[PDB]
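Asker: I'm passing along upload-v5.cif; it holds mmCIF, C-alpha atoms and all ligand atoms.
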data_run
#
loop_
_atom_site.label_atom_id
_atom_site.label_comp_id
_atom_site.auth_asym_id
_atom_site.auth_seq_id
_atom_site.Cartn_x
_atom_site.Cartn_y
_atom_site.Cartn_z
CA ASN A 1 13.11 14.14 7.47
CA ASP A 2 16.04 11.78 6.73
CA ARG A 3 13.53 8.95 6.95
CA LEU A 4 11.82 7.08 4.15
CA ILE A 5 8.45 5.34 4.06
CA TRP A 6 8.37 2.17 2.01
CA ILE A 7 5.07 0.65 1.06
CA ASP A 8 3.62 -2.15 -0.99
CA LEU A 9 0.06 -3.26 -1.71
CA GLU A 10 -1.66 -6.31 -3.16
CA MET A 11 -4.71 -5.73 -5.35
CA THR A 12 -7.54 -7.65 -6.93
CA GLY A 13 -6.32 -6.46 -10.31
CA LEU A 14 -4.60 -3.74 -12.35
CA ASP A 15 -7.47 -1.32 -13.00
CA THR A 16 -6.73 1.71 -10.79
CA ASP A 17 -10.40 2.71 -11.15
CA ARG A 18 -12.21 -0.58 -10.41
CA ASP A 19 -9.85 -2.93 -8.54
CA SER A 20 -9.29 -2.96 -4.78
CA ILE A 21 -6.45 -2.98 -2.26
CA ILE A 22 -6.53 -6.33 -0.39
CA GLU A 23 -3.28 -6.06 1.54
CA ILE A 24 -0.92 -3.35 2.72
CA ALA A 25 2.40 -3.16 4.55
CA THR A 26 4.79 -0.35 5.37
CA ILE A 27 8.36 -0.03 6.60
CA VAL A 28 10.26 3.02 7.77
CA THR A 29 14.00 3.18 7.07
CA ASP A 30 16.56 5.93 7.58
CA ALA A 31 18.14 7.72 4.61
CA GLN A 32 20.86 5.04 4.47
CA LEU A 33 18.27 2.28 4.04
CA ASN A 34 18.51 0.81 7.55
CA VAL A 35 15.17 -0.53 8.76
CA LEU A 36 13.96 1.47 11.77
CA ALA A 37 10.52 -0.15 12.14
CA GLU A 38 8.01 -2.41 10.41
CA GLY A 39 4.43 -1.17 10.16
CA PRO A 40 1.20 -3.13 10.44
CA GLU A 41 0.61 -5.75 7.76
CA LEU A 42 -3.12 -5.89 7.10
CA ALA A 43 -5.29 -7.99 4.80
CA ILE A 44 -8.55 -6.21 3.94
CA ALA A 45 -12.00 -7.81 4.14
CA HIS A 46 -13.50 -8.64 0.75
CA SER A 47 -16.23 -11.06 -0.29
CA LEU A 48 -15.45 -14.50 -1.71
CA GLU A 49 -17.31 -13.32 -4.83
CA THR A 50 -14.79 -10.52 -5.31
CA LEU A 51 -11.83 -12.89 -5.01
CA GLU A 52 -13.12 -15.38 -7.57
CA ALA A 53 -13.74 -12.47 -9.93
CA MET A 54 -9.99 -11.94 -10.17
CA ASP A 55 -7.90 -13.14 -13.12
CA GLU A 56 -6.15 -16.51 -12.93
CA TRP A 57 -2.54 -15.81 -12.03
CA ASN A 58 -3.93 -13.49 -9.34
CA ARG A 59 -6.12 -16.21 -7.84
CA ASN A 60 -3.34 -18.81 -7.88
CA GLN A 61 -0.74 -16.44 -6.41
CA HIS A 62 -2.93 -15.26 -3.51
CA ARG A 63 -4.10 -18.83 -2.85
CA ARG A 64 -0.54 -20.14 -2.62
CA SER A 65 0.61 -17.24 -0.43
CA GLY A 66 -2.35 -17.64 1.90
CA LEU A 67 -3.54 -14.07 1.37
CA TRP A 68 -6.79 -15.43 -0.05
CA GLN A 69 -7.68 -16.92 3.33
CA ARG A 70 -6.52 -13.84 5.25
CA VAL A 71 -8.88 -11.68 3.16
CA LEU A 72 -11.96 -13.80 3.83
CA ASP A 73 -11.10 -14.04 7.55
CA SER A 74 -10.26 -10.34 7.87
CA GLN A 75 -12.38 -7.96 9.91
CA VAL A 76 -10.38 -4.90 8.81
CA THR A 77 -11.84 -2.34 6.38
CA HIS A 78 -9.99 0.09 4.13
CA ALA A 79 -10.65 2.94 6.56
CA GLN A 80 -9.41 0.88 9.49
CA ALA A 81 -6.20 -0.17 7.76
CA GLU A 82 -5.62 3.44 6.70
CA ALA A 83 -6.06 4.73 10.23
CA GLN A 84 -3.69 2.18 11.75
CA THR A 85 -0.98 2.81 9.16
CA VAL A 86 -1.19 6.58 9.58
CA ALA A 87 -0.93 6.07 13.36
CA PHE A 88 2.14 3.85 12.91
CA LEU A 89 3.78 6.43 10.65
CA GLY A 90 2.96 9.26 13.03
CA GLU A 91 5.53 7.89 15.46
CA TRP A 92 8.42 8.21 12.98
CA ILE A 93 7.85 11.10 10.60
CA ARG A 94 5.58 14.10 10.05
CA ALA A 95 3.17 14.19 7.12
CA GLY A 96 4.40 15.46 3.76
CA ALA A 97 8.07 14.80 4.52
CA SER A 98 8.82 11.45 2.85
CA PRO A 99 8.40 10.45 -0.80
CA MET A 100 6.53 7.20 -1.47
CA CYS A 101 9.17 4.47 -1.80
CA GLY A 102 8.86 1.07 -3.46
CA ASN A 103 8.53 -0.73 -6.80
CA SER A 104 6.11 0.58 -9.42
CA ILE A 105 4.72 2.95 -6.80
CA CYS A 106 2.90 5.22 -9.24
CA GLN A 107 0.40 2.38 -9.55
CA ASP A 108 0.19 2.07 -5.76
CA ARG A 109 -0.31 5.81 -5.32
CA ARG A 110 -3.25 5.80 -7.71
CA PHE A 111 -4.90 3.05 -5.66
CA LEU A 112 -4.27 4.91 -2.40
CA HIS A 113 -5.67 8.11 -3.88
CA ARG A 114 -9.02 6.40 -4.36
CA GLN A 115 -9.34 4.05 -1.35
CA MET A 116 -7.00 5.55 1.29
CA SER A 117 -6.79 9.32 0.64
CA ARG A 118 -5.60 10.28 4.10
CA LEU A 119 -2.64 7.92 3.75
CA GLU A 120 -1.91 9.10 0.21
CA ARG A 121 -1.74 12.72 1.41
CA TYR A 122 0.58 11.68 4.23
CA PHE A 123 3.21 11.26 1.52
CA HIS A 124 5.22 13.95 -0.21
CA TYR A 125 4.06 14.20 -3.85
CA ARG A 126 7.45 12.87 -4.93
CA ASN A 127 8.00 9.17 -5.67
CA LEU A 128 11.15 7.10 -5.18
CA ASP A 129 10.67 4.16 -7.55
CA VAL A 130 13.25 1.39 -7.58
CA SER A 131 11.82 0.39 -10.97
CA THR A 132 13.44 3.46 -12.52
CA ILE A 133 16.85 2.14 -11.55
CA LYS A 134 15.94 -1.36 -12.67
CA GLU A 135 15.04 0.06 -16.08
CA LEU A 136 18.38 1.86 -16.35
CA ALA A 137 20.39 -1.21 -15.30
CA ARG A 138 18.52 -3.27 -17.85
CA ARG A 139 19.44 -0.88 -20.65
CA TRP A 140 22.95 0.18 -19.59
CA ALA A 141 24.39 -2.47 -17.26
CA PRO A 142 22.47 -5.78 -17.62
CA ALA A 143 25.02 -7.73 -15.58
CA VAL A 144 24.11 -5.69 -12.47
CA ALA A 145 20.76 -7.50 -12.20
CA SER A 146 22.26 -11.01 -12.03
CA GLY A 147 23.29 -10.50 -8.41
CA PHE A 148 19.80 -9.98 -7.01
CA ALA A 149 16.84 -12.33 -6.64
CA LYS A 150 13.50 -11.60 -4.94
CA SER A 151 12.43 -13.56 -1.86
CA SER A 152 10.28 -16.66 -2.29
CA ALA A 153 7.89 -14.93 0.11
CA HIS A 154 4.60 -13.49 -1.11
CA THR A 155 3.09 -11.21 1.56
CA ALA A 156 3.34 -7.44 1.15
CA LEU A 157 5.79 -7.18 4.06
CA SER A 158 8.36 -9.33 2.27
CA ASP A 159 7.77 -7.49 -1.01
CA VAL A 160 8.54 -4.10 0.53
CA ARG A 161 11.43 -5.77 2.33
CA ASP A 162 12.69 -6.95 -1.08
CA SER A 163 12.37 -3.47 -2.57
CA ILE A 164 14.73 -2.05 0.07
CA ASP A 165 17.24 -4.87 -0.52
CA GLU A 166 17.00 -4.35 -4.26
CA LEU A 167 17.93 -0.68 -3.99
CA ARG A 168 20.63 -1.62 -1.47
CA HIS A 169 22.01 -3.99 -4.10
CA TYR A 170 21.97 -1.41 -6.93
CA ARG A 171 23.57 1.22 -4.70
CA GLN A 172 26.81 -0.81 -4.76
CA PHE A 173 27.13 -0.27 -8.51
CA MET A 174 26.08 3.40 -8.59
CA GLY A 175 29.52 4.92 -8.07
CA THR A 176 29.65 8.50 -6.81
CA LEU A 177 25.85 8.81 -6.80
CA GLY A 178 25.67 5.73 -4.59
CA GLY A 179 27.63 7.65 -1.98
MG MG B 201 3.90 -3.69 -5.44
#
Just dump the structure as structure tokens.
Ligand SMILES: [Mg+2]

Answerer:
Amino acid sequence: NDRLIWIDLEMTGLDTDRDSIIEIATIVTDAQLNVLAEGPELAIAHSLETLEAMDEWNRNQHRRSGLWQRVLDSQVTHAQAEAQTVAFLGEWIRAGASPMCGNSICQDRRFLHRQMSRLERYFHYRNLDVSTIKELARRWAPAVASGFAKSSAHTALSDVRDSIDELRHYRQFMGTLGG
């Protein structure tokens, strides 16, 4: 172990039962949050009809980021993206060792469970959600949030990259627990 798998996904919506994963990205860091390697960043093939069926903020966001065009042009399926990610991970850590790390990852895990089971099982059942710390800061030390801002970026790779930086930021104000 001593290595963490960070992941983030983009979806068509919020319904963990109906919506679909359209983009995925992973990053492996050591226990001290140093990036060791960036995994494949894949947009997943979906029909134009599926994209227009999304809400409004969703459509605008993905349009502006360019993900909308990557999805239509993509030739990668859920199974293909799953296989490549698992292969990437296989070169850094054995299955079942690392918790799933990121922001609001419970939501992500529920999507993986349905569309990318093999990848879901590659994770330890434990989650490492930066949101938990964000919630505590918000209630106990509001000022601590003022020092961090998320990247302008939009892709999943920058999002996961921001999650690591966010924890890295909070760690400075965690005292003894921060190490
Ligand atoms: Mg996310």

Asker: Would you mind listing what lies within 9 Å of residue 78 in chain A as a PyMOL selection string, with all atoms listed in the file counted and same-chain residues fewer than 4 positions away left out?

Answerer: chain A and resi 21-22+44-45+82-83+115-116

Asker: Which is closer to residue 37 in chain A than all the others in A:140, A:88, A:170, A:148, using all atoms listed in the file?

Answerer: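 Distance minimum relative to residue 37 in chain A lands on A:88.
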
Asker: Give the residue list for ligand MG 201 (chain B) at 8 Å, counting only C-alpha atoms and all ligand atoms, as number ranges by chain, sorted by chain and then by residue number.

Answerer: A: 7-10, 102-105, 108, 156, 159-160

Asker: A:141, A:149, A:106, A:53: which is nearest residue 169 in chain A, counting only C-alpha atoms?

Answerer: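 For residue 169 in chain A, the nearest of the candidates is A:149.
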
Asker: I need every residue sitting at most 12 Å from the point (16.2, -4.4, -12.8) (coordinates as in the file, only C-alpha atoms considered), written as a ChimeraX atom specification.

Answerer: /A:103-104,129-150,163,166-167,169-170

Asker: Distance CA of residue 126 in chain A-CA of residue 99 in chain A, one decimal place?

Answerer: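 We find that CA of residue 126 in chain A and CA of residue 99 in chain A lie 4.9 Å from each other.
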
Asker: Counting only C-alpha atoms, which of A:40, A:96, A:90, A:13 gets nearest to residue 62 in chain A?

Answerer: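 Going through A:40, A:96, A:90, A:13 one by one, the smallest distance to residue 62 in chain A is for A:13.
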
Asker: At what distance in Å, to one decimal, does CA of residue 33 in chain A lie from CA of residue 175 in chain A?

Answerer: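 According to the coordinates, CA of residue 175 in chain A and CA of residue 33 in chain A are separated by 16.7 Å.
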
Asker: Can you measure CA of residue 91 in chain A to CA of residue 3 in chain A for me? One decimal in Å is fine.

Answerer: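 Calculated distance between CA of residue 91 in chain A and CA of residue 3 in chain A is 11.7 Å.
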
Asker: How about completing range 109-134 of chain A with N, CA and C atoms and giving it to me as a compact mmCIF listing (two decimals), keeping the file's coordinate frame?

Answerer:
# COMPACT_ATOMS: atom_id res chain seq x y z
N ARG A 109 0.20 4.49 -5.69
CA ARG A 109 -0.31 5.81 -5.32
C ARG A 109 -1.70 6.07 -5.89
N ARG A 110 -1.96 5.59 -7.10
CA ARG A 110 -3.25 5.80 -7.71
C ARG A 110 -4.33 4.98 -7.00
N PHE A 111 -3.94 3.85 -6.41
CA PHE A 111 -4.90 3.05 -5.66
C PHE A 111 -5.17 3.73 -4.32
N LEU A 112 -4.11 4.24 -3.68
CA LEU A 112 -4.27 4.91 -2.40
C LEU A 112 -5.13 6.16 -2.53
N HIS A 113 -4.93 6.88 -3.63
CA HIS A 113 -5.67 8.11 -3.88
C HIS A 113 -7.18 7.87 -3.84
N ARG A 114 -7.60 6.71 -4.32
CA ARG A 114 -9.02 6.40 -4.36
C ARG A 114 -9.57 5.75 -3.09
N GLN A 115 -8.86 4.76 -2.54
CA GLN A 115 -9.34 4.05 -1.35
C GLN A 115 -8.75 4.44 0.01
N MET A 116 -7.61 5.12 0.03
CA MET A 116 -7.00 5.55 1.29
C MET A 116 -6.36 6.93 1.10
N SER A 117 -7.21 7.94 0.89
CA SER A 117 -6.79 9.32 0.64
C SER A 117 -5.93 9.94 1.73
N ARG A 118 -6.33 9.72 2.98
CA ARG A 118 -5.60 10.28 4.10
C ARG A 118 -4.16 9.78 4.10
N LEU A 119 -3.98 8.50 3.79
CA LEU A 119 -2.64 7.92 3.75
C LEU A 119 -1.86 8.43 2.54
N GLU A 120 -2.56 8.61 1.42
CA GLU A 120 -1.91 9.10 0.21
C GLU A 120 -1.34 10.49 0.49
N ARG A 121 -2.15 11.36 1.08
CA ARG A 121 -1.74 12.72 1.41
C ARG A 121 -0.63 12.78 2.45
N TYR A 122 -0.46 11.70 3.21
CA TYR A 122 0.58 11.68 4.23
C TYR A 122 1.95 11.70 3.55
N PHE A 123 1.98 11.29 2.29
CA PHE A 123 3.21 11.26 1.52
C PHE A 123 3.50 12.59 0.84
N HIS A 124 4.77 12.79 0.52
CA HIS A 124 5.22 13.95 -0.21
C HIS A 124 4.72 13.56 -1.60
N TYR A 125 4.56 14.52 -2.51
CA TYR A 125 4.06 14.20 -3.85
C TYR A 125 5.12 13.48 -4.68
N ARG A 126 6.36 13.51 -4.21
CA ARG A 126 7.45 12.87 -4.93
C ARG A 126 7.51 11.36 -4.70
N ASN A 127 7.88 10.63 -5.74
CA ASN A 127 8.00 9.17 -5.67
C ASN A 127 9.47 8.77 -5.75
N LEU A 128 9.80 7.64 -5.14
CA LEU A 128 11.15 7.10 -5.18
C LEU A 128 10.92 5.66 -5.65
N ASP A 129 10.93 5.47 -6.97
CA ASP A 129 10.67 4.16 -7.55
C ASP A 129 11.91 3.39 -7.96
N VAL A 130 12.11 2.25 -7.30
CA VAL A 130 13.25 1.39 -7.58
C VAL A 130 13.20 0.88 -9.03
N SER A 131 12.00 0.82 -9.59
CA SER A 131 11.82 0.39 -10.97
C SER A 131 12.60 1.27 -11.95
N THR A 132 12.71 2.55 -11.64
CA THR A 132 13.44 3.46 -12.52
C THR A 132 14.89 3.01 -12.65
N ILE A 133 15.48 2.59 -11.54
CA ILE A 133 16.85 2.14 -11.55
C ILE A 133 16.96 0.79 -12.25
N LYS A 134 15.94 -0.05 -12.05
CA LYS A 134 15.94 -1.36 -12.67
C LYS A 134 15.90 -1.19 -14.18
